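Heads up, the chain below is alone and in the form deposited in one PDB entry; it's given as structure tokens.
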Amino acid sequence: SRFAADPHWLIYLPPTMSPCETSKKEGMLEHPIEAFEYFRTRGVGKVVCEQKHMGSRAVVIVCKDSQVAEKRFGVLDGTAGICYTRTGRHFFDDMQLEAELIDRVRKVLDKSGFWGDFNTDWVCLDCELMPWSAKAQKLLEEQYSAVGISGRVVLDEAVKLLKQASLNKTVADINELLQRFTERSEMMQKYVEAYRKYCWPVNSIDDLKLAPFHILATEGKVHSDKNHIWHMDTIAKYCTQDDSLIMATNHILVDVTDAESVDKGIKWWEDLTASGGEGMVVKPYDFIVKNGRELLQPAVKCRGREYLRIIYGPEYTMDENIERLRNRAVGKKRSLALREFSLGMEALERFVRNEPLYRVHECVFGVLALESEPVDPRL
């Protein structure tokens, strides 16, 4: 929409996610073994593996009706739910498509007896929304297919002027912004290839698939105390039965200590990524886990070789020495993920407490601010 959703909707922002550690196996960057190892070693014996659908990140809030949205969330535009992205914006430019979605989820919940069983008139769901292409992104079009003078040429001429203005006495980090701007654009192109196989045009709401993995919060409770089997199960019971549009998430339970179990987890992953699939997310059985003083990653992504080849570029390939630089890059991402995760959880807790909105947003904005830090975009 060019604008963040109504800030009254923004009670949560999904954290960023660390990848596993660099695979020892030849030709491999990421592998289920490093993923499982990280947990087994940190004292966690059971993890849940969830298939990554491809797949855009979506937060979905559903109220029983408009009044509840006005009363509980303080939104005055008369919408009874919202589907927003990871940066706060509305997923769909079309207020009719989004709203159409909400209704679809409201009814399924109605036939589900969800509102009663949970004693609530609203719900916040952490979701993946398919297809990937349904998410509107104007980088590629605007920048690589301009209607008049080529996007890149306008970019270069526009940049040259920036350089000149910067030299003005009334005003050098400048060179960074073009790079951060171009790398964003370059990344995006690769993603299009990676998801090409799993993207189809959406002429109606029927084209959409929505697969929620977290029931984050309802009236009076942030469900960060429920293990992920509970999340997968509860979501299935209450959401996935009735309606095609709502999807169940393929997952497996793995015992990181048990050789037979881990191997089944590997063959599962291998199977998911054989045709370019993104991979899976490995989460500790419990939503929140501590190993002594230290909190542990709530999730660890493990991505397919073919997928990762498109993302890194098949040209990249190398190298042994470079990998050392990757691991350090992994460490930053972990510290970052933890903090974003904690800020995201606190926001929900503050909102559920009925605390002032600005305190909720204090956390919510912290997530957004942490994502401002520079990091390896590929991981």
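Rigid core here is just the name for the largest C-alpha set that superposes within 1.5 Å across the two forms. Sequential numbering from 1, following the sequence displayed.
- In the record comparison, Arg293 is unmodelled in at least a third of the other entries of this protein that model the residues flanking it.
- Figure legend: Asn168 is marked as unmodelled in at least a third of the other comparable entries of the protein.
- Count the deposited residues lacking coordinates between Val153 and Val154 and you get none at all.
- In this entry, 115-123 has the higher mean Cα B-factor, the comparison being between 158-166 and 115-123.
- Checked against the record, the higher mean CA B factor of 214-222 and 132-140 lies with 132-140.
- Residues shown: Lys301, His231, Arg184, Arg86. Highest C-alpha temperature factor in the entry: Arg184.
- The maximum CA B-factor among the listed residues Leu178, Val289, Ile266, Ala99, taken from the PDB record, is found at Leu178.
- In the PDB entry, a CA B factor belonging to the middle third of its chain's modelled residues is recorded for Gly81.
- Looking at the C-alpha B-factors along this chain, the one for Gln51 belongs to the lowest third.
- Placement of the Cα temperature factor of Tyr195 within the chain: middle third of the modelled residues, per the deposited record.
- Sort the modelled residues of the chain by CA B factor and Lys107 lands in the highest third.
- Ranked by Cα temperature factor within the chain, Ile246 sits in the middle third according to the deposited record.
Although it is not shown, the form deposited in another entry is what the next lines describe.
- Summarising the superposition on the core between this form and the one not shown, the listed residues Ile266, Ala248, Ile229, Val192 contain exactly one with a Cα shift of 2 Å or larger, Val192.
- Core-superposed comparison between this form and the one not shown: CA of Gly116 displaced by less than 2 Å.
- Core-superposed comparison between this form and the one not shown: the CA of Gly78 stays below a 2 Å shift.
- Shown in the overlay between this form and the one not shown, fitted on the rigid core, is a CA shift at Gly277 of 2 Å or greater.
- The Cα-Cα distance between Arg184 and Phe341 is lengthened by 3 Å or more in that other deposited form relative to the form shown here.
- In contrast to the form presented, in that other deposited form the C-alpha positions of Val159 and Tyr312 draw closer by 3 Å or more.
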